[PDB]
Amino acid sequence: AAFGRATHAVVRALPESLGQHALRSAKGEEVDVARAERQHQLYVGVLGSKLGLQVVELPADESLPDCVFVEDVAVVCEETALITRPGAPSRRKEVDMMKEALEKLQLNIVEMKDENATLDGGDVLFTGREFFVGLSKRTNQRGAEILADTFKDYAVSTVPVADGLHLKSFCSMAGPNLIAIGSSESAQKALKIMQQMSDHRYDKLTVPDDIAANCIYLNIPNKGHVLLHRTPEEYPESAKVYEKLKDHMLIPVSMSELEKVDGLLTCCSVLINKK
């Protein structure tokens, strides 16, 4: 029942087409697809081999270049899975394989079907106490309302997200009651709005690189606090901050290639607690 407890993870392999065809915020560097695949394979190895989660590995689909980013297509809370309606219409065929995987794991499925609702899972921060939902270019108010209707036990509030970002482009949970947050004025502005709307006072872990505020926190039996964070080679000044979590088992995980198409650590798995 502890926050961040997980027993299962759903992931999805990336297709060769991701290199040229995945959506991306800005034209930048060439994606090395082979290197992205190696980094994705190590990421899966941490969740499954190192941490012992039961990993469901969905196969790549060359016609769905963003299909590695499974977090955008489902939000899981306890035994209920919301299958989302991704803001980019061409990603909506990703939900099919996800719905099948979650149904086989015996989760109760709720599908976002409203033709006026969109929501990317990357815009959803679940603190263990409530949800914050980014209103972005991919997630709209109607999507937020359907999420609130799906998880009626939890408060849900919204926060404006800028540009070609998701809410978790600059934050994520780093522990119980602990929000990792970027240093930018934008990231700080959104955190202030979240904190004002909440009944609770959260502790913060502030990192100097917004993108490095996306980490994966897990509570693993016989291990305790676990945190996957970006490496010192990628973001040395943010890695230094994570180093001061002395009761966390810290695991540096590279994601530099998928970051080129805006995908971060949380985006690459859906985590489930089957107690």
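Residues carry their position along the shown sequence, with the first being 1.
On average the C-alpha atoms of 192-200 have higher B-factors than those of the other stretch, with 192-200 and 80-88 being the two compared. Mean CA B-factor, 257-265 versus 13-21: the higher value falls on 13-21.
For the set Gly182, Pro176, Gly143, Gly121, the maximum C-alpha B-factor listed in the entry falls on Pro176. Highest C-alpha temperature factor among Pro65, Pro59, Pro208, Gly45, as the PDB entry reports it: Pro208. For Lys168, the recorded CA B-factor ranks within the lowest third of the chain. Only modelled residues enter the ranking. Per the deposited record, the Cα B-factor of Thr127 falls in the middle third when ranked against the other modelled residues of its chain. Per-chain ranking of the deposited C-alpha B factor places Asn222 in the highest third.
In the PDB entry, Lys27 places in the highest third of its chain by CA B-factor.
Sort the chain's modelled residues by C-alpha temperature factor and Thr158 lands in the middle third, per the entry.
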